[PDB]
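Single chain ahead, written as structure tokens, the form deposited in one PDB entry.
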């Protein structure tokens, strides 16, 4: 229509190699430390927003379905940020499709909020910089800040809303040579922000995390500058494990990992011993993610396919480009 402003964006999920875990500020989503991720080619969210003066409230339709009273409230609060930023009072119909294996445990929050932020920027012609786009995404989900970018990306922690945001890291095309295999681990179906908060606030091992994160980050970044896969893998695997260690120290303790997760880790180590370099990481759940060079992707997958169902071994390459405006 004449008075109608719409925009549509595709943004890809990302997986943190140096973990985001713990917030300095719950309201504005400011983290305790910097994080480093890779953006996945295979998994993404497409989101259209349509702002119409006649709309009375924001509507969200997800994968063709209404969301419910609760998720509807969360989205309306986020859109208030957008309206304020834009200096208007328009409401939007949001139609989003996740092309992310969510039932298999993969998170869609990073792609979702990045897609939405970009979609709004397009619909309203805000001409936001990548930095400001990153800051807007961050308000929805911290990891979404990084999904504005392709390849390697880093979320700079900052100290406030203006200074906390992400940027893309140029790696001389190295991202084109890397892959990530997702091992879908059998998990309970019972109902990440709550856990992170409990650990950050109460964990007896949280200081240990803080004492090593910057060192890990620098080492990781040095490894990327050298395209040194083993140096990257060793530090990110250790960093990932330290993050899980912090949960063990929470009051009371908890874990995201199950025995099956440890089985998958054992297979990665076996691959390293059989001259197939690869390294694992885990987030707020038992799924195991395996960083591997693209040339070795298939051979590592086959080692997994000996133990696990074919449907549970899902690989993705790493995409070079960032968030995109689509039809």
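Numbering follows the first chain given and starts at 1.
One more form of this protein exists, namely the form solved in complex with a small molecule; it is left out here, but the text below deals with it.
The partner is absent here, but in the entry with it bound a heavy atom of 143, alone among 134, 143, 179, 121, sits within 4.5 Å of the small molecule. Interface residue among 266, 299, 284, 258 relative to the small molecule in the entry with it bound, by the heavy atom within 4.5 Å criterion: 284. Shown alone here, residue 109 lies within 4.5 Å of the small molecule in the entry with it bound, counting heavy atoms only. The closest non-hydrogen atom of residue 23 lies within 4.5 Å of the small molecule in the entry with it bound.
When contacts are judged by a 4.5 Å heavy atom cut-off, residue 193 counts as touching the small molecule in the entry with it bound. Contact between residue 16 and the small molecule in the entry with it bound is found at the 4.5 Å heavy atom cutoff.
Judged by heavy atoms within 4.5 Å of the small molecule in the entry with it bound, the contact stretch among the candidates 169-177, 135-143, 156-164, 81-89 is 135-143.
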